[PDB]
>>> print(open('final35.txt').read())   # compact mmCIF, C-alpha atoms and all ligand atoms
# COMPACT_ATOMS: atom_id res chain seq x y z
CA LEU A 1 156.30 -25.48 76.73
CA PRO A 2 154.53 -24.44 73.49
CA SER A 3 155.91 -21.99 70.92
CA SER A 4 152.68 -20.05 70.66
CA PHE A 5 150.31 -18.85 73.40
CA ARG A 6 146.67 -18.09 73.99
CA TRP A 7 145.16 -16.62 77.14
CA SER A 8 141.94 -15.81 78.93
CA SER A 9 142.08 -12.69 81.08
CA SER A 10 140.23 -11.79 84.23
CA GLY A 11 138.79 -8.36 84.70
CA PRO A 12 140.84 -5.90 86.74
CA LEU A 13 141.39 -7.58 90.11
CA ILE A 14 143.54 -5.12 92.11
CA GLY A 15 143.54 -1.35 91.95
CA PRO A 16 144.49 1.48 94.29
CA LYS A 17 142.65 2.07 97.54
CA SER A 18 140.66 5.25 98.02
CA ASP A 19 142.80 6.68 100.80
CA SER A 20 144.65 9.97 101.23
CA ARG A 21 147.68 8.63 99.30
CA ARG A 22 145.61 8.97 96.07
CA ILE A 23 147.68 6.32 94.36
CA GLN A 24 146.90 6.34 90.61
CA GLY A 25 148.36 2.98 89.48
CA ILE A 26 149.08 -0.41 91.07
CA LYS A 27 151.94 -1.80 89.05
CA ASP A 28 154.81 -4.18 88.31
CA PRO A 29 153.59 -7.15 90.40
CA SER A 30 155.65 -9.93 91.94
CA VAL A 31 153.83 -12.97 93.29
CA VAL A 32 154.31 -16.17 95.26
CA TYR A 33 151.93 -18.66 96.86
CA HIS A 34 153.15 -19.57 100.34
CA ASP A 35 151.47 -21.35 103.23
CA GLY A 36 148.01 -21.13 101.75
CA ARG A 37 148.08 -17.46 100.72
CA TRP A 38 149.00 -15.34 97.76
CA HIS A 39 151.69 -12.74 98.50
CA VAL A 40 151.75 -9.89 95.99
CA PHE A 41 154.26 -7.04 95.98
CA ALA A 42 153.58 -4.08 93.72
CA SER A 43 154.65 -0.54 92.91
CA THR A 44 152.35 2.28 94.02
CA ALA A 45 152.46 4.92 91.29
CA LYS A 46 151.40 8.56 91.05
CA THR A 47 152.78 11.91 89.82
CA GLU A 48 154.35 12.42 93.25
CA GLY A 49 156.35 9.19 93.09
CA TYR A 50 156.69 5.47 93.66
CA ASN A 51 156.94 3.16 96.65
CA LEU A 52 155.98 -0.48 97.36
CA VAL A 53 152.89 -2.25 98.76
CA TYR A 54 152.32 -5.80 100.08
CA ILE A 55 148.96 -7.47 99.40
CA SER A 56 147.96 -10.94 100.66
CA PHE A 57 144.85 -13.03 100.09
CA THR A 58 143.68 -16.63 100.17
CA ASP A 59 141.61 -16.73 96.96
CA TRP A 60 141.80 -14.75 93.64
CA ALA A 61 138.13 -13.79 94.16
CA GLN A 62 139.20 -11.89 97.29
CA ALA A 63 142.20 -10.04 95.75
CA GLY A 64 140.26 -6.79 95.28
CA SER A 65 139.15 -6.65 98.90
CA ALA A 66 142.58 -7.52 100.34
CA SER A 67 144.14 -4.94 102.65
CA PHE A 68 147.32 -3.09 101.60
CA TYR A 69 150.42 -2.88 103.78
CA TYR A 70 152.42 0.12 102.61
CA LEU A 71 156.04 -0.91 102.95
CA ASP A 72 157.19 2.63 103.79
CA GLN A 73 156.02 1.75 107.33
CA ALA A 74 158.72 -0.97 107.44
CA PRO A 75 162.44 -0.16 107.63
CA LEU A 76 162.28 -0.28 103.78
CA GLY A 77 160.90 3.21 104.31
CA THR A 78 159.82 6.29 102.40
CA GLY A 79 161.50 7.55 99.27
CA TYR A 80 161.52 6.14 95.75
CA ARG A 81 161.26 2.35 95.42
CA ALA A 82 159.70 0.54 92.47
CA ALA A 83 159.25 -2.73 90.57
CA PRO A 84 159.68 -5.50 93.16
CA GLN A 85 160.73 -9.14 92.87
CA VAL A 86 160.24 -11.51 95.82
CA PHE A 87 161.91 -14.90 96.32
CA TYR A 88 163.27 -17.16 99.07
CA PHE A 89 167.06 -17.44 99.07
CA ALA A 90 167.15 -20.90 100.59
CA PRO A 91 170.88 -21.08 101.49
CA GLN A 92 170.36 -18.12 103.87
CA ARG A 93 166.80 -18.97 104.97
CA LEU A 94 165.89 -15.39 104.02
CA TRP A 95 163.32 -13.87 101.68
CA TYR A 96 164.73 -11.21 99.34
CA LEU A 97 162.80 -8.31 97.86
CA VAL A 98 164.65 -6.87 94.87
CA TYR A 99 163.69 -3.47 93.43
CA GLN A 100 165.05 -0.21 92.07
CA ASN A 101 165.83 2.97 94.04
CA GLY A 102 168.12 4.76 91.58
CA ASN A 103 170.48 1.78 92.02
CA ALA A 104 169.74 -1.99 91.98
CA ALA A 105 168.49 -2.57 95.51
CA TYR A 106 167.25 -5.24 97.89
CA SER A 107 165.66 -5.84 101.26
CA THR A 108 165.60 -9.05 103.31
CA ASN A 109 163.16 -10.65 105.70
CA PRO A 110 163.08 -14.02 107.41
CA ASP A 111 159.27 -14.14 107.11
CA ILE A 112 157.28 -13.09 104.02
CA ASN A 113 154.19 -12.92 106.25
CA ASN A 114 155.79 -10.04 108.14
CA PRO A 115 155.58 -6.91 105.97
CA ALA A 116 156.99 -4.79 108.81
CA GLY A 117 160.19 -6.83 108.64
CA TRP A 118 161.62 -5.67 105.30
CA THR A 119 165.02 -4.06 105.86
CA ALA A 120 166.15 -0.62 104.77
CA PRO A 121 167.58 -0.79 101.25
CA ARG A 122 171.00 -2.14 100.40
CA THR A 123 172.43 -2.10 96.86
CA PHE A 124 173.96 -4.78 94.64
CA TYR A 125 176.41 -2.28 93.12
CA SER A 126 178.25 0.73 94.50
CA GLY A 127 176.77 2.87 91.67
CA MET A 128 175.45 2.58 88.11
CA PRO A 129 177.87 0.30 86.23
CA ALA A 130 179.96 1.89 83.45
CA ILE A 131 178.39 -0.22 80.66
CA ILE A 132 174.91 0.94 81.72
CA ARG A 133 175.94 4.61 82.08
CA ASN A 134 177.48 4.40 78.63
CA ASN A 135 174.48 2.90 76.85
CA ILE A 136 171.42 4.20 78.75
CA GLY A 137 170.79 7.15 76.37
CA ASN A 138 168.02 9.11 78.05
CA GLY A 139 166.47 5.97 79.49
CA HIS A 140 166.12 4.79 83.09
CA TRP A 141 167.81 1.94 84.96
CA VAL A 142 164.93 -0.27 85.91
CA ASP A 143 163.36 -3.66 86.46
CA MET A 144 165.84 -5.65 88.53
CA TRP A 145 165.54 -9.44 88.39
CA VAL A 146 167.55 -12.21 90.10
CA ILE A 147 167.69 -15.83 89.03
CA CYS A 148 170.14 -18.45 90.31
CA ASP A 149 171.16 -21.95 89.34
CA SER A 150 173.17 -24.45 91.41
CA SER A 151 176.40 -22.40 91.16
CA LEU A 152 175.70 -18.77 90.06
CA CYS A 153 173.28 -15.94 90.74
CA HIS A 154 172.37 -13.60 87.90
CA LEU A 155 171.04 -10.05 88.13
CA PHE A 156 169.22 -8.71 85.09
CA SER A 157 168.20 -5.12 84.45
CA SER A 158 166.94 -2.80 81.67
CA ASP A 159 167.64 0.79 80.61
CA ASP A 160 164.46 1.68 78.63
CA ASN A 161 166.91 2.03 75.72
CA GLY A 162 166.92 -1.43 74.16
CA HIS A 163 169.51 -3.16 76.37
CA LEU A 164 169.11 -6.08 78.74
CA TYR A 165 172.05 -6.29 81.13
CA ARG A 166 173.25 -9.29 83.14
CA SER A 167 175.75 -9.52 86.04
CA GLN A 168 176.64 -12.63 87.97
CA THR A 169 178.06 -13.68 91.34
CA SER A 170 178.46 -16.96 93.18
CA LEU A 171 175.65 -18.57 95.13
CA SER A 172 177.82 -18.44 98.29
CA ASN A 173 178.62 -14.72 97.88
CA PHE A 174 175.11 -13.50 97.00
CA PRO A 175 174.02 -10.68 97.45
CA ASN A 176 177.63 -9.48 97.21
CA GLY A 177 180.12 -9.63 94.38
CA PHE A 178 177.99 -8.94 91.32
CA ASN A 179 180.38 -8.30 88.47
CA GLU A 180 180.32 -5.76 85.64
CA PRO A 181 177.21 -6.47 83.55
CA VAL A 182 177.35 -7.71 79.97
CA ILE A 183 174.64 -6.88 77.40
CA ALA A 184 172.63 -10.13 77.38
CA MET A 185 170.36 -8.87 74.58
CA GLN A 186 169.85 -5.70 72.61
CA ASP A 187 167.86 -4.06 69.85
CA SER A 188 168.64 -0.84 67.96
CA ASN A 189 164.90 -0.08 68.34
CA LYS A 190 164.36 0.44 72.07
CA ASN A 191 160.63 -0.21 71.60
CA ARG A 192 161.30 -3.84 70.63
CA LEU A 193 163.21 -4.55 73.88
CA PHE A 194 161.95 -1.96 76.31
CA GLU A 195 161.82 -3.13 79.95
CA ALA A 196 160.36 -5.55 82.50
CA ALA A 197 162.32 -8.79 82.00
CA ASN A 198 161.28 -12.09 83.56
CA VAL A 199 163.69 -15.02 83.59
CA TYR A 200 162.58 -18.48 84.69
CA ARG A 201 163.82 -22.08 84.87
CA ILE A 202 161.36 -24.31 82.98
CA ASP A 203 160.62 -27.41 85.11
CA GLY A 204 161.20 -30.79 83.47
CA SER A 205 163.73 -29.38 81.00
CA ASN A 206 167.27 -28.00 80.91
CA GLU A 207 165.95 -24.69 79.56
CA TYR A 208 165.15 -21.17 80.67
CA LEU A 209 162.45 -18.76 79.56
CA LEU A 210 163.03 -15.01 79.01
CA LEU A 211 160.08 -12.63 78.79
CA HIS A 212 160.53 -8.96 77.96
CA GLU A 213 158.13 -6.06 77.48
CA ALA A 214 157.96 -4.15 74.23
CA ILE A 215 155.98 -1.24 72.80
CA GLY A 216 154.27 -2.39 69.58
CA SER A 217 153.52 -0.77 66.22
CA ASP A 218 150.15 0.25 67.66
CA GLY A 219 151.82 1.89 70.68
CA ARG A 220 150.52 -0.84 73.03
CA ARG A 221 152.54 -2.85 75.53
CA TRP A 222 153.13 -6.54 74.88
CA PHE A 223 155.50 -9.40 75.71
CA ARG A 224 158.11 -11.19 73.65
CA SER A 225 159.62 -14.53 74.67
CA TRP A 226 162.80 -16.52 74.12
CA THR A 227 164.36 -19.74 75.46
CA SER A 228 167.93 -20.87 76.14
CA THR A 229 169.79 -23.75 77.75
CA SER A 230 171.68 -21.25 79.93
CA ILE A 231 170.70 -18.17 81.95
CA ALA A 232 173.64 -16.51 80.15
CA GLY A 233 172.11 -17.21 76.69
CA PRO A 234 172.22 -17.26 73.76
CA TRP A 235 168.51 -16.65 73.53
CA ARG A 236 166.41 -18.06 70.68
CA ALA A 237 163.00 -16.64 69.79
CA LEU A 238 160.00 -18.54 71.09
CA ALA A 239 156.97 -16.29 70.55
CA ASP A 240 158.54 -12.90 69.84
CA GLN A 241 156.57 -11.27 67.03
CA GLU A 242 153.41 -9.19 66.93
CA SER A 243 151.74 -12.05 64.96
CA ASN A 244 153.10 -14.69 67.40
CA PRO A 245 153.48 -12.90 70.74
CA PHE A 246 154.03 -14.21 74.24
CA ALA A 247 151.16 -12.00 75.35
CA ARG A 248 149.45 -9.15 73.51
CA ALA A 249 145.88 -7.95 72.84
CA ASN A 250 145.72 -10.30 69.80
CA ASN A 251 146.20 -13.48 71.83
CA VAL A 252 144.29 -12.44 74.97
CA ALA A 253 140.64 -13.36 75.24
CA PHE A 254 138.51 -12.02 78.09
CA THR A 255 135.69 -13.95 79.78
CA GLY A 256 134.14 -10.51 80.24
CA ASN A 257 134.73 -7.32 78.26
CA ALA A 258 138.16 -6.37 76.91
CA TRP A 259 139.23 -3.79 79.57
CA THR A 260 142.81 -3.27 78.37
CA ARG A 261 144.70 -3.30 75.06
CA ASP A 262 148.03 -3.22 76.91
CA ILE A 263 149.61 -6.30 78.43
CA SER A 264 152.38 -4.88 80.61
CA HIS A 265 154.92 -5.56 83.40
CA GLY A 266 153.92 -8.83 84.99
CA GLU A 267 155.04 -12.18 86.43
CA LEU A 268 154.18 -15.85 85.87
CA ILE A 269 152.78 -17.95 88.67
CA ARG A 270 155.75 -20.08 89.81
CA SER A 271 156.06 -23.78 90.67
CA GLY A 272 158.32 -22.90 93.64
CA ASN A 273 159.49 -19.90 95.59
CA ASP A 274 163.24 -20.28 95.86
CA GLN A 275 166.04 -18.45 94.08
CA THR A 276 165.90 -20.73 90.97
CA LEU A 277 162.69 -18.98 89.84
CA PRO A 278 161.02 -22.16 88.49
CA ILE A 279 157.84 -22.40 86.44
CA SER A 280 155.84 -25.39 85.35
CA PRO A 281 155.45 -25.66 81.57
CA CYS A 282 151.74 -26.41 82.26
CA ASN A 283 148.73 -24.11 82.86
CA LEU A 284 150.69 -20.88 82.68
CA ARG A 285 149.19 -17.94 84.56
CA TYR A 286 150.44 -14.34 84.14
CA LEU A 287 149.73 -11.63 86.73
CA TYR A 288 150.04 -8.39 84.81
CA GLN A 289 149.13 -4.69 84.68
CA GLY A 290 146.65 -3.25 82.24
CA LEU A 291 144.63 -0.08 81.87
CA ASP A 292 141.70 1.57 80.09
CA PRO A 293 142.73 2.00 76.40
CA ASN A 294 141.23 5.50 76.49
CA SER A 295 143.62 6.54 79.31
CA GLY A 296 146.02 9.37 78.52
CA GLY A 297 148.22 12.02 80.07
CA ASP A 298 151.34 11.80 82.21
CA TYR A 299 152.74 8.26 82.33
CA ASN A 300 153.06 8.20 86.16
CA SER A 301 149.38 9.06 86.65
CA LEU A 302 148.00 6.29 84.38
CA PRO A 303 145.32 4.10 86.02
CA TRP A 304 147.13 0.72 85.96
CA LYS A 305 145.34 -2.21 87.58
CA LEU A 306 146.39 -5.85 88.01
CA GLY A 307 144.71 -8.70 86.11
CA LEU A 308 145.38 -12.40 85.60
CA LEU A 309 145.89 -14.28 82.33
CA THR A 310 145.17 -18.00 82.34
CA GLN A 311 146.61 -20.07 79.50
CA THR A 312 144.00 -21.62 77.20
CA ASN A 313 146.40 -23.62 74.95
CA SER A 314 148.08 -25.42 77.88
CA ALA A 315 150.23 -28.49 77.18
CA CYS A 316 149.44 -30.28 80.47
CA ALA A 317 148.09 -30.03 84.04
CA CA A 401 158.84 -7.16 87.68
>>> encode(input="final35.txt", output="structure tokens", more="lines below")
Ligand SMILES: [Ca+2]
Amino acid sequence: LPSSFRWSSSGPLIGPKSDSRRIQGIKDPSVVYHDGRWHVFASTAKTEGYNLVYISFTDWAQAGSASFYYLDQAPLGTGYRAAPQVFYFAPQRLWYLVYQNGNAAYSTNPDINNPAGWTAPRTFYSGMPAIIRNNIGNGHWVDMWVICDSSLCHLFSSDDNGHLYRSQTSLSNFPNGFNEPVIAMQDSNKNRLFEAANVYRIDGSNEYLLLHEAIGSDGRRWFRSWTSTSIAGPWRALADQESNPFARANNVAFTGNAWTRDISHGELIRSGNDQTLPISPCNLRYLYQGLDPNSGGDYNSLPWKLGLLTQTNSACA
């Protein structure tokens, strides 16, 4: 894995349908390739609220024409749900879909190909943990992420107030028994460590990669990166500055025209789909949300669309 990054971005690939729901943004994607298809889960976003959509397609060229399955038709149901993460929890032979609903929540499903199968929400905690209540400021408890190793499962989350939290439980007890979170990382400037963590095992190494979204000096979204030999840290900077970013307008080329100056809430294409959240160190690809740089107004009505970064300084195939 290199210590600097360069990317080539697609145009916008996935946006809202023109249906009566009048969704304004498609957001916060999670993605796996399974049995010959891409499976994308995303937030639907508008002034009126958030829920979740499932999108599947064979080929990236067909992403834009793929049908949506609105997950409020499954037991997962209506109400607020946002920012999904999908993975296969192999010990239970069950797919998990992790998201936020005011708490840290999850659904299960034996078959990712069955969007109607996602369960009504359960929560990982009985309420907001004390350490998060104490330090949230006037932020929001968001962006829930699970990663496991051979003995522990870890649940990360953000507060939009410069704290990354981490709880753990045993692999056998998952999804139950998550302990009181510790602050895994923090910054006194909430903009430097804002939300939307990703945490991955780097194949071929005994290291992990942390990505985290930030709001830069220009007001634009970007990603910082760190690595560690443990999911529990300590984290050391990889590409974590505006002049050496994980992903930002200044290291993102476009084959076409530059349609976004924001590189926001995304996910890397994985090398496998299980609860260890593995990535290859080669040919990194980042599925992310961007938007017209002239967009303004209420945050929830912003016209987010999904695009794909392909690494151009790749170390390997
Ligand atoms: Ca996410």
>>> residues_near_ligand(input="final35.txt", ligand="ligand CA 401 (chain A)", cutoff="9 Å", atoms="all atoms listed in the file", output="list in words")
residues 27, 28, 29, 30, 42, 83, 84, 85, 99, 143, 144, 145, 196, 197, 198, 265, 266 and 267 of chain A
>>> atom_distance(input="final35.txt", atom1="CA of residue 17 (chain A)", atom2="CA of residue 142 (chain A)")
25.2 Å
>>> residues_near_point(input="final35.txt", point="(161.0, -9.7, 73.8)", cutoff="9 Å", atoms="only C-alpha atoms", output="MDAnalysis selection string")
chainID A and resid 192:194 197 210:214 222:226 237 239:241 245:246
>>> closest_residue(input="final35.txt", among="A:205, A:271, A:157, A:230", to="residue 33 (chain A)", atoms="all atoms listed in the file")
A:271
>>> closest_residue(input="final35.txt", among="A:3, A:47, A:313, A:10", to="residue 257 (chain A)", atoms="only C-alpha atoms")
A:10
>>> residues_around(input="final35.txt", residues="residue 23 (chain A)", least_positions_apart="6", cutoff="9 Å", atoms="only C-alpha atoms", output="PyMOL selection string")
chain A and resi 16-17+44-47+301+303
>>> write_last_selection(input="final35.txt", atoms="C-alpha atoms", output="mmCIF file, in the coordinates of the input")
data_model
loop_
_atom_site.group_PDB
_atom_site.id
_atom_site.type_symbol
_atom_site.label_atom_id
_atom_site.label_comp_id
_atom_site.auth_asym_id
_atom_site.auth_seq_id
_atom_site.Cartn_x
_atom_site.Cartn_y
_atom_site.Cartn_z
ATOM 1 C CA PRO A 16 144.490 1.480 94.290
ATOM 2 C CA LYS A 17 142.650 2.070 97.540
ATOM 3 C CA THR A 44 152.350 2.280 94.020
ATOM 4 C CA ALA A 45 152.460 4.920 91.290
ATOM 5 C CA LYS A 46 151.400 8.560 91.050
ATOM 6 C CA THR A 47 152.780 11.910 89.820
ATOM 7 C CA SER A 301 149.380 9.060 86.650
ATOM 8 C CA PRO A 303 145.320 4.100 86.020
#
